[PDB]
Amino acid sequence: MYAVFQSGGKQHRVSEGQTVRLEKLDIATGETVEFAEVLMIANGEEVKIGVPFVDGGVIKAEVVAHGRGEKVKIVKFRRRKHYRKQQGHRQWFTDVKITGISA
Amino acid sequence: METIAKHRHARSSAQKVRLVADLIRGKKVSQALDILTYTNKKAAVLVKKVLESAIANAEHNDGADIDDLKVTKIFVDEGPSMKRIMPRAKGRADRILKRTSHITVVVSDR
Amino acid sequence: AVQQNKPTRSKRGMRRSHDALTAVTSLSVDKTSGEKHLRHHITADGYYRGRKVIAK
Amino acid sequence: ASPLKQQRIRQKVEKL
Amino acid sequence: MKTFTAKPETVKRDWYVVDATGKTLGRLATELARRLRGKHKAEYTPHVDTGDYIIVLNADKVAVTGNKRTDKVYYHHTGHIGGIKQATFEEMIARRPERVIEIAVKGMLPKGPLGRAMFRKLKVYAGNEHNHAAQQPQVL
Amino acid sequence: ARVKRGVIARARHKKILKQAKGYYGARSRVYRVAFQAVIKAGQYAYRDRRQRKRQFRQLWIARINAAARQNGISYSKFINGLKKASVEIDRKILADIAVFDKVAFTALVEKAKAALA
RNA sequence: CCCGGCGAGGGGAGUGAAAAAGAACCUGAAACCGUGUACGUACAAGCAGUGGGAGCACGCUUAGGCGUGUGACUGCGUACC
RNA sequence: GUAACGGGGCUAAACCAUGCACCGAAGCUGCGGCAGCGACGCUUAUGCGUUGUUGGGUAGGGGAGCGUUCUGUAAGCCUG
Ligand SMILES: [Mg+2]
Ligand SMILES: [Mg+2]
Ligand SMILES: [Mg+2]
Ligand SMILES: [Mg+2]
Ligand SMILES: [Mg+2]
Ligand SMILES: [Mg+2]
């Protein structure tokens, strides 16, 4: 099977895949809580039942994974002009990973 | 070491002798002389005693013999710019550098 | 009769391109061990037939 | 004496 | 992981062939160039490399707009000063369908490398079959 | 009492001086780079990065066009079908599927094509 | 002791914790100049960086498209004071 | 030196009218975070969850910081 669903950005493509994202909202952990994200898989994608749009019905979902909810990155990013160099700011958004239990 | 034999100053520029000792490098040791003893000018004699050194120096520090060897590294580095002053007309500036150069040449083997 | 910027290292050698001497291609003579200039004969003592200067 | 060990000899003793 | 679509270093090419003769003029250039980049092509993200061979034929037949045929001019300029500039008709230049009239196409595309030898991938000839001397090797 | 400002010396300079993607010359040799090279990048990265989400945007929707207009009907009419379709409608980057799983895409084209009043 | 011109200078050997401490001598940065190696480079236009980004060189994960120098090619794009 | 569409080219790829579709900016939206500031909950110096909101900026105003040397700190502490 294959997949797709959003919640910030439409990153979902691969199978389970273990792949980046955003996070919860109070602080990732590692474990999980078993938060199955909600329907949108183009009926997966694979199998003679390679169904068209998403819902061949309701209740075709996945499950969490909490692949490891952290990460820095850093990007310099600091402007300039011709009579002042604001040169001073960096601001990532943290991030959580995931390995989503397949469709 | 695999026997060395430098100079130290000797007096005669970086580029001037970086020339000469480019012919030497790779083959050599036996070819040392031949291709210096003929190839003309001055720069190319202040190598033909640092080669006779870097050979007797492999018959002392190193027990190696006068037919082997290789000349696996040469380079001429920038010795102190020996400075003075020239007249000219009115005076302005005469930087005049009497420029110099250390030698180091190294022979070893396959 | 003067430049305006600085002829970078890059160009330092883009004249120098051509120089890097070339050396020889020498031969011996029937009578010296392996000397001989490219035109003058035995350095080893000095001659070609015989009494060139002082020989044998 | 091999023409470099000769270029030696012949001189190292045009010394002695 | 992270998307974009890879484009090996190309890894795919072709062998098409198209007549021209039919008075289609210039408008042909378009898909004669998009198909030289990748229109119909819905894969192989260009912008970096890509390609797709074509071979046009004759060309010495393409009605051209309306009056254009008599008037349209080209101007080469040799720059060897002597005060150059070389006006020339469509009429007069169709007395030699080489690089031009069919190379009103090299101007519909990128220019610079890529867009450089991205256009030699055209091939011209001035009389289809009979002296379509090009690689017979399989066309469409 | 003293300062011998010479200790915060290169500590201030090496600081940026370490900007040697080559760059070139004193553009990573001296302090010509000063900022006049790093402060450069240091802005180029601001926009010409910020720019990418429209530089990969137009990207997809060239492919997206080539696809559906290679099945009949193009990125203009196409999206129209798609949008008129509530829960039934997602959006590019994945409308890149047309390059790893055609039929999938080719199927989307259907669903889009048919929705068309 | 050895090369050298009864030179410069240098190589061994001795000293000594150390000579990478050798007397032009403590630490030994920068501008600047060499030698080694890897990627790039002989149809290619500009403040030379940015976003892509292949490929090679390299270390990698009992794939999972990774770190590193590189950077063909292609979107912008005329240093500062 | 074409050189008075930017060009290639368009007899529509020009013009009038009409209409749907789409591309398009840092605008708006979504989403993860920063700070200043009024509210809700809670605790409760407080904060913190949320929440309304504001943060282009030269002359200049105001407010927090960073590190350099010396000083008690200290015959303390690192340190062959
Ligand atoms: Mg946008
Ligand atoms: Mg020292
Ligand atoms: Mg090339
Ligand atoms: Mg990159
Ligand atoms: Mg401000
Ligand atoms: Mg101010």
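Residues numbered from 1 in each chain as written, not as in the entry; some residues may be left out. Chains lettered and ligands numbered in written order. Part of a larger assembly, values for the part shown. Heavy atoms only, no water.

This entry lists X-ray crystallography as its structure determination method and reports a resolution of 3.74 Å.

Once that is clear, we can look at the overall build of chain C. Along the backbone of chain C there are 1 helix and 0 strands. What you see for chain C is a C-alpha radius of gyration of 23 Å, clearly larger than the 10 Å of a compact globule of 56 residues, by over 25%. Over its C-alpha atoms, taken along the principal directions, chain C stretches across nearly 65 × 20 × 10 Å. For chain C, the proportion of its 56 residues judged to be buried stands at 14%. In chain C, the proportion of contacts linking residues at least 24 apart, taken out of those at least 6 apart, comes to 0%. Here chain C carries 13 positive and 4 negative side-chain charges, and the mean point of each set is 11 Å from the other. (Helix = DSSP H or I, 4+ residues; strand = E, 2+ residues; numbered from the N terminus. Rg over C-alpha atoms; globule rule 2.2 N^0.38 Å. Buried < 20%, exposed > 50% of the residue type's maximum accessible area, 1.4 Å probe, protein only. Contact = heavy atoms within 4.5 Å. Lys, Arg positive; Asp, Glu negative; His and termini not counted. Charge placed at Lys NZ, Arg CZ, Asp CG, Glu CD.)

Our next topic: the overall build of chain A. Helix and strand content of chain A: 0 helices and 0 strands. The C-alpha radius of gyration of chain A comes to 18 Å, more than 25% above the 13 Å expected for a compact globule of 103 residues. Once the C-alpha set of chain A is aligned to its principal axes, its extents read approximately 65 × 30 × 20 Å. In chain A, buried positions account for 25% of the 103 residues. Long-range pairs, those at least 24 residues apart, make up 60% of the contacts in chain A between residues at least 6 apart in sequence. Positive and negative charge centroids in chain A, built from 18 and 12 side chains respectively, lie 18 Å apart.

With that settled, consider the protein's contact with RNA strand H. Looking at RNA strand H, there are 43 residues lining it, with A:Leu22, A:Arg84, A:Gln91, E:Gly107 and F:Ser76 nearest. Counting only the atoms of RNA strand H within 4 Å of the protein, the fraction contributed by sugar and phosphate is 69%. The contact in question runs from a phosphate oxygen of RNA strand H to an N or O atom on the side chain of A:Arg84, over 2.5 Å. In the environment of RNA strand H, a phosphate oxygen lies 3.4 Å from a nitrogen or oxygen atom belonging to the side chain of F:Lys83. Of all the secondary-structure elements, those providing two or more residues to the surface near RNA strand H are α1 (27-33) of chain E together with α2 (38-50), α4 (57-68) and α5 (75-83) of chain F. A per-class count over the surface near RNA strand H returns 17 nonpolar, 13 polar and 13 charged. (Near = heavy atom within 4 Å. Polar contact = N/O pair within 3.5 Å; in protein donor to acceptor, adjacent residues only side chain to side chain. Nonpolar A, V, L, I, M, F, W, Y, C, P; charged D, E, K, R; others polar.)

Attention shifts here to the protein's contact with RNA strand G. Among the 58 residues in the neighbourhood of RNA strand G, the closest are listed as B:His7, B:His9, B:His60, F:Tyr23 and F:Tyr44. Atoms of RNA strand G within 4 Å of the protein: sugar and phosphate make up 80%, bases the balance. Contact between RNA strand G and B:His9: a base nitrogen at 2.6 Å from a side-chain N or O atom of the residue. B:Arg25 places a polar side-chain atom, nitrogen or oxygen, 2.9 Å from a sugar or linking oxygen of RNA strand G.

What follows deals with the packing of α5(F) against helix α6 (residues 102-115) of chain F. Any two packed helices are characterised by how steeply their axes cross, that is the angle between the axes, and by the distance between the axes. Residues and elements named next belong to chain F. Put simply, α5 and α6 touch, their axes get as near as 7 Å, and they point 75 degrees apart. When the axes of α5 and α6 are compared, the pair comes out roughly perpendicular. In this structure, α5 uses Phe78, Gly81 and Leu82 to contact α6, whose residues at the interface are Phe105, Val109, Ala112 and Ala115. When its residues are assigned to classes, the contact of α5 with α6 shows 6 nonpolar, 1 polar and no charged. (Axes fitted to C-alpha atoms, helices over the stretch in contact; angles between N-to-C directions. Parallel < 35°, antiparallel > 145°, perpendicular 65-115°, else oblique.)

Listed as interface residues are 20 residues of chain F and, on the opposing side, 15 residues of chain A. The junction of chain F with chain A conceals about 1,600 Å² of combined surface from both sides, 62% of it contributed by carbon and sulfur atoms. Connecting chain F to chain A are 0 salt bridges. On the surface where chain F and chain A come into contact, there are 1 residue pair in polar contact. Where the side of chain F that touches chain A is concerned, the elements lending two or more residues are α2 and α6 of chain F. At 7 residues, α2(F) tops the list of elements feeding residues into the side of chain F that touches chain A. (Buried area = accessible area lost by both parts, 1.4 Å probe. Salt bridge = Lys/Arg side-chain N within 4 Å of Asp/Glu carboxyl O.)

Further remarks concern a positive patch on the surface. On the surface, A:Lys73, A:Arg79, A:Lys81, A:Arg84, E:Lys2, F:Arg47, F:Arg49, F:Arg50, F:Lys53 and F:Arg54 cluster together into a positively charged patch. Elements represented by at least two residues in the positive patch include exactly α2 and α3 (52-55) of chain F. Per-element accounting of the positive patch gives the leading share, 3 residues, to α2(F). (Patch = residues over 30% accessible without salt bridge, like charges linked within 9 Å, V, L, I, M, F, W, Y side chains within 5 Å. Areas by Shrake-Rupley, 256 points an atom, 1.4 Å probe, with all protein chains shown as cover.)

Relative to the elements of secondary structure, E:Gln138 occurs in the segment after α3 (90-93). On a C-alpha basis, the gap between E:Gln138 and E:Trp15 in space is 6.4 Å, while along the polypeptide they are 123 residues apart.

For the structure shown, the criterion picks out 3 aromatic pairs over all chains. Between the aromatic rings of F:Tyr31 and F:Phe35, the centroid separation amounts to 5.7 Å while the plane-to-plane angle is 65 degrees, which identifies the pairing as edge-to-face. Since its relative accessible area comes to 26%, F:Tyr31 is described here as partly exposed. Taken together, a centroid distance of 5.9 Å and an interplanar angle of 50 degrees make the contact between F:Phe78 and F:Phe105 tilted. With F:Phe78 in helix α5 and F:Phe105 in helix α6, the pair connects residues that are 27 residues apart, well separated along the chain. The burial state of F:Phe78 is the same as that of F:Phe105; both residues are buried. Its end group placed over the ring of E:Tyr44, E:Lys12 keeps NZ or CZ at 5.4 Å from the ring centre. The ring of F:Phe56 is capped by F:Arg52, whose NZ or CZ atom sits 5.8 Å from the centre of that ring. (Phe/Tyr/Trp six-rings, centres within 6.5 Å; stacked < 30°, edge-to-face > 60°. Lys NZ or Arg CZ within 6 Å of the ring centre and 35° of its normal.)

A few words now on unusual backbone geometry. Residues and elements named next belong to chain B. Its identity as a non-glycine residue notwithstanding, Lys41 has a phi of 115 degrees, on the positive side. As for its position among the elements, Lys41 is in the loop between α2 (31-37) and α3 (50-56). Residue classification places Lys41 among the exposed positions, given a relative accessible area of 51%.

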